[PDB]
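Step one of this worksheet: look at the structure below.
Each ligand, and each atom within it, is numbered from 1 in the order the structure gives. Below, each value reflects all heavy atoms present in this structure, side chains not excepted, and no hydrogens, waters or symmetry copies. Sequence lines set the chain letters: A, B, ... in the order given, protein chains first and strands last, and positions in each chain run from 1.
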Amino acid sequence: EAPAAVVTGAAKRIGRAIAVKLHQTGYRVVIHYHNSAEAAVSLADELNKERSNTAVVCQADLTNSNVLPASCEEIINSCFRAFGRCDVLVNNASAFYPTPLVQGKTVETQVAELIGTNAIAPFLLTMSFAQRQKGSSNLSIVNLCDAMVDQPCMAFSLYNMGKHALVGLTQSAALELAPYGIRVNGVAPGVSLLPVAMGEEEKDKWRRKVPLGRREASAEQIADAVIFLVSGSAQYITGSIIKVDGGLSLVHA
Amino acid sequence: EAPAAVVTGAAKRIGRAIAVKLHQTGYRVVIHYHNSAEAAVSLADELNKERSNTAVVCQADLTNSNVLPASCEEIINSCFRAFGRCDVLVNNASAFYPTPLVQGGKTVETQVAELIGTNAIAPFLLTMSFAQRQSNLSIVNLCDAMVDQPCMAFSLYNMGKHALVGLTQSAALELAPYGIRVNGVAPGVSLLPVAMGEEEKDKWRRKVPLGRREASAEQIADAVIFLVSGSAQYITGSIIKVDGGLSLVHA
Amino acid sequence: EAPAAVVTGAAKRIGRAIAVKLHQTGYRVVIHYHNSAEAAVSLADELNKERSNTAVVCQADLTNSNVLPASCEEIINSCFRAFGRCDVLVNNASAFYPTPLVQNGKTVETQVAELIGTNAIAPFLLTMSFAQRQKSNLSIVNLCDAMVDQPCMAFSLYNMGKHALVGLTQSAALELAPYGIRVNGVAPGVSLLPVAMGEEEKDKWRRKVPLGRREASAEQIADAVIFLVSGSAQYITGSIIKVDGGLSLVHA
Amino acid sequence: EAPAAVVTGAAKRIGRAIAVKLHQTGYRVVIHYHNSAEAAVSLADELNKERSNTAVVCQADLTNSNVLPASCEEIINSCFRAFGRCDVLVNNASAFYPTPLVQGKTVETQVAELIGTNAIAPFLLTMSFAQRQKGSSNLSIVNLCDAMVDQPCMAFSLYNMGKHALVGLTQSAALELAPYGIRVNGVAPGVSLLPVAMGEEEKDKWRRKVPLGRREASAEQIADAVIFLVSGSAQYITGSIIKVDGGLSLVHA
Ligand SMILES: NC(=O)c1ccc[n+]([C@@H]2O[C@H](COP(=O)([O-])OP(=O)(O)OC[C@H]3O[C@@H](n4cnc5c(N)ncnc54)[C@H](OP(=O)(O)O)[C@@H]3O)[C@@H](O)[C@H]2O)c1
Ligand SMILES: NC(=O)c1ccc[n+]([C@@H]2O[C@H](COP(=O)([O-])OP(=O)(O)OC[C@H]3O[C@@H](n4cnc5c(N)ncnc54)[C@H](OP(=O)(O)O)[C@@H]3O)[C@@H](O)[C@H]2O)c1
Ligand SMILES: NC(=O)c1ccc[n+]([C@@H]2O[C@H](COP(=O)([O-])OP(=O)(O)OC[C@H]3O[C@@H](n4cnc5c(N)ncnc54)[C@H](OP(=O)(O)O)[C@@H]3O)[C@@H](O)[C@H]2O)c1
Ligand SMILES: NC(=O)c1ccc[n+]([C@@H]2O[C@H](COP(=O)([O-])OP(=O)(O)OC[C@H]3O[C@@H](n4cnc5c(N)ncnc54)[C@H](OP(=O)(O)O)[C@@H]3O)[C@@H](O)[C@H]2O)c1
Ligand SMILES: Nc1cc(SCc2ccccc2)nc(N)n1
Ligand SMILES: Nc1cc(SCc2ccccc2)nc(N)n1
Ligand SMILES: Nc1cc(SCc2ccccc2)nc(N)n1
Ligand SMILES: Nc1cc(SCc2ccccc2)nc(N)n1
């Protein structure tokens, strides 16, 4: 029987690339999304045309709130409902925007979005993933981290806090879930897919910083590291975060 | 004239030792507390006996909520009101307890609010208010030398402390142009929990390479005092372990 | 045509498993060895039985000395002479023994030479020679140590060598990126234990490992090397992959 | 009676400021030097003018060789000869120059000088320091590290290797010497005193990168962190490396 994977924020960009590569490797996939319903359905249609009944979509907001735990339980339940199992969880979904310390979202919304998506939802999804594992096995979680966590973007404190918290989770969860045979790793992009609304000049400013090829990672390149970590070739690997950054983090100011 | 400092969770233990040393150094102090009003006032009385009108108290819950930003704004405002200035912020207050990932009291979302609130969100909001309201200005965040070798089933706590490292670095960068330095002190084992039994205490003590004992609260405060001093005027984004080598010790 | 790899200290244990997995992946291999000539030759015979003319052996001492740069140049040259190319270098060979700060036959300068030479200087000189011969998926993989920041008592020179190797991995990734040469690391925690180590001591190490209370096989370490030299790692440079079963996360 | 300190490479620059500040704190000092004999003797003169018989010079090459252990032993011996005790060792002396990987001194002498000064000499000095401790007391070692070790300068491999090895030594020696009450820490400058050979435009380019003040650290600012680490206010601190970098290491490419 084919294993099954949940990928959060999988409608487009890195999340889609991960869903696609997992699908190509023989996984059934839950394509979680928030707003990008058309994109998500379009992806699921493509994947189901390749192999029938191997992809479903699952809508949820991952902003922190008192219902977030129920929402995360439901995402995992959706994988079991569709496929009867849940072998892999990929925490990809992420809010990303500045929160300057000095000067229409309230600061409490910002906290709920940036810390919820990047850290609390991963934690709750990890809880639910583990709790459901009830009656060979290759169970794992991959968290999408950030190679620049220690050289952060100016004015991105809450975003960076959430990514740092995700490193914490990756390590704490690896330790705690090891006895259940669930590995927990991370993949840390440098610059991959630039924002759709970023101008070309600004894109190039980033590209030129990258030692290896002076270009951003393809979405596939990021997906490759994920696929490695979920594979049998990584069965002794847990609590590791693999940078996929073309040397960007090694470059001084 | 004298500089002024805010210390969160200053009524007891490490926070109390920090407030005391900052006061001995010549600071006026705001002693923040949540539940420990008696101890907060007793400390303020002691410091005020030494130098009149140099210590005040400030109550607040630092759990994340809809009202936390206003609470944090008021803590900073209390310092300006009492003393006309705020030169130093010490983010010491902290919730600490386990949050197992798997189940065999508090809801998980209350746990998130308390652990991520006290250890990360409140420090962020306080940092915001401190900066907005502005010489040797600095912030010191009480971190945790064991962040990368965490205690089993403490994922939320550890996440909060990791977030606090991120805040420390991000705020150091962003606040450098304003001349506000932002650093951390990372204890290993200092004052053991009051509810911990003596046998467990000795088990932790024996792990510590340097003297096989826990750090006094004074020894933690010493690192804080260095970081806020003129001797650290070029230091920002730095986290000083004060752990007697505990973090270097393998399983 | 088939790519070629140099693996240092490839006669036995982890280096052997790396050489074998590379071979299985389609590489021709230079099996470097110091003292284990019989094991090196037996491996080369095995590999050439599988595919003729796909394995050769290369003897060299990688202790630091005046002649080490020449020795390292010759190891790289051996790959070119045998196979006409050198696509992968794996820096695996390593001296490992205690060097207490306060006090067997060795002088301290010999201990420096052996520990810093094998773990850091020889990898640097090999990296220089590898790069200089580059006139495509070229990469270098350094065998690091996941416990580099929680070191074993009285292993200062060893640990200094392994820290130096992290610095090399990073510096060489940056410098060699314009040549399209990737440089990465694999950091085992506990993998193959010494055969003579008593089982009681072995089991002490095993029980520390969160994931399965066992050491890594050599093959598991090799798997990470194979990923890093592959087309699935084309954007990965300056990264050190821990393969430690969570051992480095475990507090004292 | 007064404690005694050895500072390597103490004739000029950072090492000189360290020796001066230790002396102002009440230490007697061994001013180690290699080529800067005139400056070393001058500094000893100034300190002895302040308090007679509180400073001596000690000449040594700290390049790696078969005689390096003897030379290191002799430095420590010189502190005991002069002052009857050795409480503090500051490993400051450092060779610093590029060693490109792709194509003066032979590569073997570059290894000897860069790895010798930055790593092997510290190690041998640490051995000799610990061994000589015959046996209020506040023994410690401070290693001058580099805040940019993970964001190194292009074509400085051997230098960066030596400084990485020095981090390892700091950690290993902290662990091993803790039972003897010897603390072992580091101070990691970012940009402090710029090379005398560096041109003015280039100096200003480095200054511009520093978030805190857009200026290099003074030697006295670096010495202040050393003074802290050797003091009674750092009694529980061992195996710690304190960055003194004005935020430079936090700044992305
Ligand atoms: N792109 C890069 O260069 C880069 C660099 C470093 C790290 N990363 C990390 O890699 C991952 C993927 O990056 P990316 O650029 O592909 O991500 P992205 O496009 O910025 O966001 C991915 C998805 O996150 C989902 N999301 C945002 N807010 C959400 C919410 N409140 N609830 C539920 N889902 C929400 C969105 O889903 P809908 O569209 O369905 O609303 C969105 O499509 C992220 O974790 C990111 O931080 C990326
Ligand atoms: N003790 C150690 O060995 C150790 C080790 C590593 C790190 N640290 C860090 O060092 C700092 C001091 O440690 P400690 O042991 O002295 O701390 P602690 O006694 O556990 O807590 C200090 C204070 O935090 C305040 N606090 C807790 N929850 C709060 C809330 N919801 N709102 C506002 N305040 C709240 C409490 O104030 P009230 O009493 O007034 O309610 C408490 O007295 C903490 O940041 C801690 O994580 C300590
Ligand atoms: N095994 C582990 O648990 C573990 C843990 C952490 C890191 N690692 C790292 O992983 C790598 C493989 O480990 P391993 O246990 O397989 O290594 P190992 O058996 O201790 O040594 C590998 C080979 O290194 C070669 N070597 C030693 N001294 C040499 C010298 N002077 N010149 C040339 N070669 C020399 C020897 O070759 P000859 O036999 O031909 O003389 C030896 O067989 C090493 O880099 C090690 O540090 C291993
Ligand atoms: N300056 C910076 O911005 C900066 C940045 C990061 C880290 N650091 C570190 O801080 C420390 C001090 O920096 P600095 O700039 O003051 O150093 P420096 O001027 O470059 O060198 C200090 C001294 O090292 C001695 N030295 C060089 N080679 C030697 C050898 N072969 N044997 C014995 N001694 C030798 C020289 O003594 P003689 O003059 O007597 O020959 C020299 O004066 C160094 O460890 C450096 O790596 C400095
Ligand atoms: N860290 C990220 C990045 C992105 S878009 C990638 C990017 C944005 C700005 C500058 C350079 C590259 N989206 C998320 N959710 N998280
Ligand atoms: N990290 C901490 C510790 C403490 S109590 C110290 C302690 C607890 C458990 C084992 C050893 C030592 N309080 C807070 N807020 N944060
Ligand atoms: N880190 C190593 C280990 C070994 S032998 C394996 C071993 C593992 C655990 C304890 C003692 C011995 N060889 C090298 N070169 N490097
Ligand atoms: N790391 C160092 C630096 C220096 S001179 C300071 C400098 C050099 C290059 C760029 C900017 C500043 N000397 C030694 N021994 N070690």
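Close approach of ligand 6 to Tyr157(B) (heavy-atom distance below 4.0 Å) involves ligand atoms 1 (N), 2 (C), 16 (N). The atoms of ligand 4 that sit less than 4.0 Å from any heavy atom of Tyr33(D) are 40 (O). Numbered from 1 in the order shown, with element, the atoms of ligand 6 that lie under 4.0 Å from a heavy atom of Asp144(B) read 1 (N).
Counting only heavy atoms, the protein never gets under 4.0 Å from atom 43 (O) of ligand 4.
The shortest N or O to N or O distance between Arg13(B) and ligand 6 is not below 3.5 Å.
Remark: minimum distance from atom 17 (O) of ligand 4 to any protein heavy atom is reached at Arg13(D) NE, 4.5 Å. Distance from atom 3 (O) of ligand 4 to its nearest protein heavy atom, with residue and atom name: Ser192(D) N, 2.7 Å. The protein heavy-atom contact nearest to atom 34 (N) of ligand 4 is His34(D) CB, 3.5 Å. In terms of protein heavy-atom proximity, atom 7 (C) of ligand 4 is closest to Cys145(D) O, 3.3 Å. Scanning the protein heavy atoms around atom 13 (O) of ligand 4, the nearest turns out to be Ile14(D) CD1, 3.6 Å. Protein heavy atom at the shortest distance from atom 15 (N) of ligand 6 is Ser94(B) OG, 3.0 Å. In terms of protein heavy-atom proximity, atom 25 (C) of ligand 4 is closest to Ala93(D) CB, 3.8 Å. Distance from atom 12 (C) of ligand 8 to its nearest protein heavy atom, with residue and atom name: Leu194(D) CD2, 3.5 Å. Annotation: atom 12 (C) of ligand 4 to nearest protein heavy atom, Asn92(D) OD1, 3.1 Å. Remark: minimum distance from atom 7 (C) of ligand 8 to any protein heavy atom is reached at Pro195(D) CD, 3.6 Å. At the top of the distance list for atom 4 (C) of ligand 8, counting protein heavy atoms only, stands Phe96(D) CD2, 3.9 Å.
Ring geometry, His251(C) versus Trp204(B): the interplanar angle falls from 30° to 60°, so the pair is classed tilted.
Only the backbone of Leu193(D) comes within 4.0 Å of ligand 8, counting heavy atoms alone; no side-chain atom from C-beta on gets that close. Proximity of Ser36(D) to ligand 4, defined as any heavy-atom pair under 4.0 Å, is shared by backbone and side chain alike. With a 4.0 Å heavy-atom cut-off, ligand 4 is reached by the backbone of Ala60(D) but not by any atom from C-beta on. When non-hydrogen atoms are compared, ligand 4 lies under 4.0 Å from the side chain of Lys163(D) (C-beta onward) but not from its backbone. At a heavy-atom distance under 4.0 Å, no atom of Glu113(D) approaches ligand 4. Contact annotation: for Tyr159(D) versus ligand 4, heavy atoms closer than 4.0 Å belong to the side chain alone.
Pairing each heavy atom of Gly9(D) with each of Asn92(D), the nearest pair is O-ND2, 3.0 Å. The two residues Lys161(B) and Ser94(B) make their nearest non-hydrogen contact at NZ-OG, 3.9 Å.
In this structure, a donor-acceptor pair under 3.5 Å is absent between the side chains of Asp224(D) and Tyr234(B).
With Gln171(A) contributing its side chain and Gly168(A) its backbone, the two residues share no donor-acceptor pair below 3.5 Å. Remark: the backbone N or O of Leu144(D) is not paired with any side-chain donor or acceptor of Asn91(D) at under 3.5 angstrom. No donor-acceptor pair closer than 3.5 Å links the side chain of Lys241(B) to the backbone N or O of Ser240(D).
Closest heavy-atom approach to atom 31 (N) of ligand 4 within the set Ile18(D), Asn118(D), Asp61(D), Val191(D): this belongs to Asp61(D). The closest non-hydrogen atom to atom 27 (C) of ligand 4, taken over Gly9(D), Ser94(D), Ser71(D), comes from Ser94(D).
Between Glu216(D) and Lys203(D) no salt bridge is recorded (no basic side-chain N to carboxylate O distance below 4.0 Å). Of the charged side-chain nitrogens involved, none lies within less than 4.0 Å of a carboxylate oxygen, so that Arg205(B) and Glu200(B) do not count as a salt-bridged pair.
Between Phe156(D) and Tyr97(D), the gap from one ring centroid to the other reaches at least 6.0 Å.
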